[PDB]
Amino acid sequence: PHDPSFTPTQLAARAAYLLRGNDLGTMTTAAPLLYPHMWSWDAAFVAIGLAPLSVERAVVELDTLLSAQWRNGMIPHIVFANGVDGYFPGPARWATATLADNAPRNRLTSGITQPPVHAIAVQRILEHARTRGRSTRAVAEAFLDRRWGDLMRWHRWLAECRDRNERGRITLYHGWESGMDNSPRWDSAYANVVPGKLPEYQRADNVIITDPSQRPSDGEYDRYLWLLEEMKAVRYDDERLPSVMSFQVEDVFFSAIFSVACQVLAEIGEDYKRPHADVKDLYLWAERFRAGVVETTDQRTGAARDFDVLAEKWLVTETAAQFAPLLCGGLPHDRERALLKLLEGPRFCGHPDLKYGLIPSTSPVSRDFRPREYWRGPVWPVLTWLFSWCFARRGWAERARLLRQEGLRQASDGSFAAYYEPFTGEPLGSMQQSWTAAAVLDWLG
């Protein structure tokens, strides 16, 4: 009625109730019907949201994801729930269990990756555990003993297999790997993907989300699905993908995340007396990908650019990803002030028509902006959380506080949507998204 919003305690309660409701036992679905399996970077956020409720169950979430890690170290972006249908492309379409030498045994997974936020969830689990006493500490530490090697293999796979030329940037072979499926970042790269004879399919995502303005188009799905055919034709062989993939881009946002994740994991390794050779490698990669992100940046504004490896051309777009250097650091002082000015000004957080002071996925003044269409404009709580946590780690305590405060105010409707209309605040996409509940739980403390 007069105010549909919840008090902080009611909101924290409903967020926890949602997370437990999406729990299948050892994995949490990313959303009840739209995404009824475990997604890789959602799972890292889910573990962050579970850490204040049960360190034991947070550790189980990451254990389940890492039990699905490929033999070469890749963490796949989907871990399918056994017997669960209603999402396409499903395990039969991927065919990794039959085609991929490196796929895991006794887990069904996708054949592509997703951003490495996992070290950040590990840090949040350890910080919670240290406040809870000896038995909880022992649980977190036993997780580190058991999974430190797997986490190194994950980071080593990204550094060696997706940065073969030691450029300090991660190459993607599918826009889904960026986490930002239909971002304007990838449009010119996708315009050069030409599907051959693509085997028939029917979408399931728009059976659940039926408003066509909130999901990608059929044409885009045709190209997403064709990339799978190219990968399957070389049996997901790392050494053959550069020769056959019609889509090869360096993702500067993914790269900045990895730089931060490496630095975070190195600090964990020093704190918990892990092998010194591992710590040294992690710091080396943190600095390499820091330098690789800075190398992309606009000389006047500091804005970071993606790179089309096939066209050999910088990709200039006005999306939230151009703020990648703020997460990892490395810009000369003057260019970082200009970048912060871009972020806070009327092209992004300071745009006059925004309901909240939050980062829209695409600038509202760009021609590519669509207020409802997924990553082409809507405000995503997950991005708010990540920028706020990274800003606090840069020492920008008031900036991080302001993002948290506006994220909580947006989330106070209790819809736990994945993204929101930037001008009206209408929730969009699936309600009951686990990683939005998790961001709220982490923010509320």
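Quick note: we count residues from 1 along the sequence shown, nothing fancier.
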Please check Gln248 against the other PDB entries of this protein that were compared: is it missing in at least a third of those that model both its neighbours? no
Other entries lacking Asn206, at least a third:
yes
Higher of the two mean Cα B-factors (45-53, 372-380; per PDB record) comes from 372-380
Higher of the two mean Cα B-factors (200-208, 125-133; per PDB record) comes from 200-208
Based on the PDB entry, the highest CA temperature factor among the options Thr28, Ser415, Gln410, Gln69 is that of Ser415
For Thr362, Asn82, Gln322, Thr109, the deposited C-alpha B-factor is largest at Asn82
Chain-relative C-alpha B factor for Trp157 (record values, thirds): the middle
Quick tally, chain-level thirds of C-alpha B-factors: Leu327 sits in the lowest
On the chain's distribution of Cα B-factors, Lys355 falls within the third called highest
Among the modelled residues of its chain, the C-alpha B-factor of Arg93 falls in the third labelled highest
Chain-relative C-alpha B factor for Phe258 (record values, thirds): the lowest
